[PDB]
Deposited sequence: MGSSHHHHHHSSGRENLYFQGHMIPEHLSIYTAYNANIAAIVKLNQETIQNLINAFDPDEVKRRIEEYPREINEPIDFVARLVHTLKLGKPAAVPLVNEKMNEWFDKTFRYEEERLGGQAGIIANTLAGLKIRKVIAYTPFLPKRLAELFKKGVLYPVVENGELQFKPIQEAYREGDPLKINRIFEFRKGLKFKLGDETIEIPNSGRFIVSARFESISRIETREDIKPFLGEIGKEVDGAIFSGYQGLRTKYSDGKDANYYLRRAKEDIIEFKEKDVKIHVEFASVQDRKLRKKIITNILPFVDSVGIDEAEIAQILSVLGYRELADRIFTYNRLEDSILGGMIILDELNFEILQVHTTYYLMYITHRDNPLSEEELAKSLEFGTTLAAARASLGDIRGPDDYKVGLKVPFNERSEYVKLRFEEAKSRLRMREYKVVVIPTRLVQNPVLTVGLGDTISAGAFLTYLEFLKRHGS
């Protein structure tokens, strides 16, 4: 330490080192103007497209599948999301379209970039697939684990790529109201603006794990970091072409958790919407009890309750969305799964639910939540976090108009629910009215609350 450190002058936990895994991908955008659309359409027989639209492909295996679903979307002006389930089509998309922009996406990747922007002591990101195109989208300051002659090093992630690695690219096709094109001998005028999304959902990128080269060194990484933020389990498949299943990968994920926890690393998992109820339940069973902190949104309280057998409550949260029921559902999830702290983020309020013996005071818990929503507000206002001073931009965003109402409903809920086994803290969010960016804000909230949580634990 330099010793120029001043208590009065310096809320961002600068001294922390954090590991993030497993999910990072490319988010690419294509602007569909008139020439782009017509040239795409022209490549195909119009009758063949029309027949395919009638067949209505629910996933993309061939170029015609994509063209039929996109044209259908454009004619109705209705946004849609269609999975790409064929890795070989990456080359087709890339030869066919020019990308307006390419950004990092995925929870681990977006959280890594935010923390490097905050200039904390060390940020190390891990993804099993790191082609050069992805590695280059990480911010300066992000590290990646490398084995250099049976010894563990951390290298700049931009230099650590493997060519040949599968490329997870999610593509957003933007269209505008009013554009016209011809399908054979029929003029189509797009009735409104929207987006058509093609998500990467082929096999190679669903093998989510620490690969066998880095695995023996996870303990040595654990010695370097104060915290680990894990996500990406939602990308797993229930069955694989080589006879593996989601369970196979979850046993490897539990091995990873054991290596970090034994080294006294606190682990946060950022939960996600999980489509497949069967996979959702496996992630909840295999992962959540064995970690420290879990970050969810409001919709996810009901989805987790449901798989744990609390069907009445899940229905009620879904039907009415009462704050009292969200606090009860958080309490039950914490009681059932018995990790250390739950954080829930919603449009108008953030919440922590902890065990009665958590070391932090309710004031510390509030400040950690405040730091999460303030960091999101900054990121929403600026687009990207570039230095620790950017946090102050977030401080200028007021707590939202519903703040009084949230606090009143919170006091009412306390009077109605059994509080004794828990600490519960609810704070209003700082909502940016006209944000420059909205993707990934929940991950930003979770990263910021978890980082400050770690720092507060160091004073107990």
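Quick one: where does the model skip the deposited sequence? Sequence ranges with no C-alpha atoms are 1 to 11, 22, 473 to 474.
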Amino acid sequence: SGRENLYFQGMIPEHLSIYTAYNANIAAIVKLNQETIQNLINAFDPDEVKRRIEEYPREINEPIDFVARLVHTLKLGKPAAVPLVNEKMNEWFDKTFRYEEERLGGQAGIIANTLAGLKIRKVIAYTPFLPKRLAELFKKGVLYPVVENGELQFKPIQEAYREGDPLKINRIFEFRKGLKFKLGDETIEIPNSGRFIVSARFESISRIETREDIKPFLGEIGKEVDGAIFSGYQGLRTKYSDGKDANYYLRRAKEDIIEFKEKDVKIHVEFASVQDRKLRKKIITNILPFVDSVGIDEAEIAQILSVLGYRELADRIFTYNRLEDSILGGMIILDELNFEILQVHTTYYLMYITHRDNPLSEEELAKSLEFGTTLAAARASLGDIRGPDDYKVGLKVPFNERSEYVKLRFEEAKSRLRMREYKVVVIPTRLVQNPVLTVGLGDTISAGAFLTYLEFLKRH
From here on, numbers count along this sequence of modelled residues.
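Higher mean Cα B-factor in the deposited model: 233 to 241 or 78 to 86? It is 78 to 86.
Higher mean Cα B-factor in the deposited model: 349 to 357 or 142 to 150? Taking the mean B-factor of the alpha carbons in each, 142 to 150 is higher.
Member of 377, 135, 246, 188 with the greatest C-alpha B factor (per the PDB record): Answer for 377, 135, 246, 188: 188, with the highest C-alpha B-factor.
Of the choices 311, 121, 266, 282, which one's C-alpha carries the largest B-factor in the record? When the deposited C-alpha B-factors of 311, 121, 266, 282 are compared, 311 is largest.
Sorting by Cα B-factor within the chain, modelled residues only, which third would residue 11 end up in: lowest, middle or highest? It belongs to the highest third of the chain when residues are ordered by C-alpha B-factor.
Residue 53: which third of its chain by C-alpha temperature factor? Ranked within chain, residue 53 CA B lands in the highest tercile.
Give the position of residue 262 by CA B-factor within its chain, expressed as the lowest, middle or highest third. Its C-alpha B-factor, which the entry lists for residue 262, ranks in the lowest third among residues of this chain.
Relative to the other modelled residues in the chain, which third contains the C-alpha temperature factor of residue 395: lowest, middle or highest? It falls in the middle third of the chain.
Where the record places residue 372 (Cα B-factor, split into thirds across the chain): Lowest third of the chain for residue 372's C-alpha B-factor.
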